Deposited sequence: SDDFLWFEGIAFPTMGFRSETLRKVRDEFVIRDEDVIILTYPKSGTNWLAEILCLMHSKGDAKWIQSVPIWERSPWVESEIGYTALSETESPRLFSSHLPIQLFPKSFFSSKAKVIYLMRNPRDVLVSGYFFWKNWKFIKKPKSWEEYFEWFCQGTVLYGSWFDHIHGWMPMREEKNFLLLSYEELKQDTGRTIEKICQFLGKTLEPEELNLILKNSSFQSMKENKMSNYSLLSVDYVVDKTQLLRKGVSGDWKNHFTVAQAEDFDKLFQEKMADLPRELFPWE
């Protein structure tokens, strides 16, 4: 039946989600000014950012971060457990969300809460997305990477158009409660970033703590996490236990990348070029 949980014109996973809830989230859910949400189009960096911040509160000690699945560390409001937990939870609070602007709880535009929106080069999101979602149980699947490429360049995928999703919050980049990051700068120099974060979030830590943090927060340490990699995720969620590679240039065919360039051009043309590190 459909193969996707359609809500408000947007594809959602069947398992672990619920329309009533996606609504119990927009015209019902209550956001506090002392809340933290990592805003991300799926497969853009959430897990990392999540760990980083998680490290903040733990001030380096990766003990916690290690023995707790991220969905628990930073729940997804939109999701059942996410909502279920988030609500029966004490403040302050931190959570993730892939929701496009228009689906985000209205109670946020009133409050002053702090939201971080880590944006990532779409081409790499397309790839990572592909492999990941093709191994996700109970949802339409592309018969071919050429097909997934088609789906993505039209939005016809989970959580809608990445273009859309971006165009949606960019106009909100200037608020004092919205910090816009990007994959590039989170990798090409994890230092700055962490600064802007603790800064924007309004926090400081010992030097020997910012030390311990930096350690457990660089790519390696990250792409080596048995939590930030899901690991022990119900086999019902994934089609293959092992699947649990490469840069978008190792995946985009020359024509594709080409077509995809005329795409970003036309589509993003109404925005500041400076807005995208990646070429």
As a test: can you identify every run of the deposited sequence that has no C-alpha position in this structure, in order? 245-249
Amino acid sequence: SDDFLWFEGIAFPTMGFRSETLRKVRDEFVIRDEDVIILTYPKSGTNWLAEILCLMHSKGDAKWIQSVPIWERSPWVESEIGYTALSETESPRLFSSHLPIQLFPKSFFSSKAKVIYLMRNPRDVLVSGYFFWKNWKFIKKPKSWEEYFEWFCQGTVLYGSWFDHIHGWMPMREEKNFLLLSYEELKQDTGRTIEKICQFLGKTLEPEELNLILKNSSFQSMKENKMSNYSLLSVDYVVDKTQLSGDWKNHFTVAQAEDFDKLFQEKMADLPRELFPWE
From here on, numbers count along this sequence of modelled residues.
When mean C-alpha B-factors in the record are compared for 102-110 and 156-164, the larger belongs to 102-110
Mean C-alpha temperature factor, higher of 228-236 and 27-35: 228-236
From 253, 46, 217, 245, residue of greatest CA B-factor: 245
Highest CA B factor of 72, 175, 146, 78, as deposited, is found at 72
Which third of the chain does residue 185 land in by C-alpha B-factor: lowest, middle or highest? highest
Ranking the modelled residues of this chain by C-alpha B-factor as given in the entry, is residue 205 in the lowest, middle or highest third? highest
Chain-relative CA temperature factor third for residue 199: middle
According to the PDB entry, is the CA B factor of residue 92 in the bottom, middle or top third of its chain, that is, lowest, middle or highest? highest
On the chain's distribution of Cα B-factors, residue 53 falls within the third called lowest
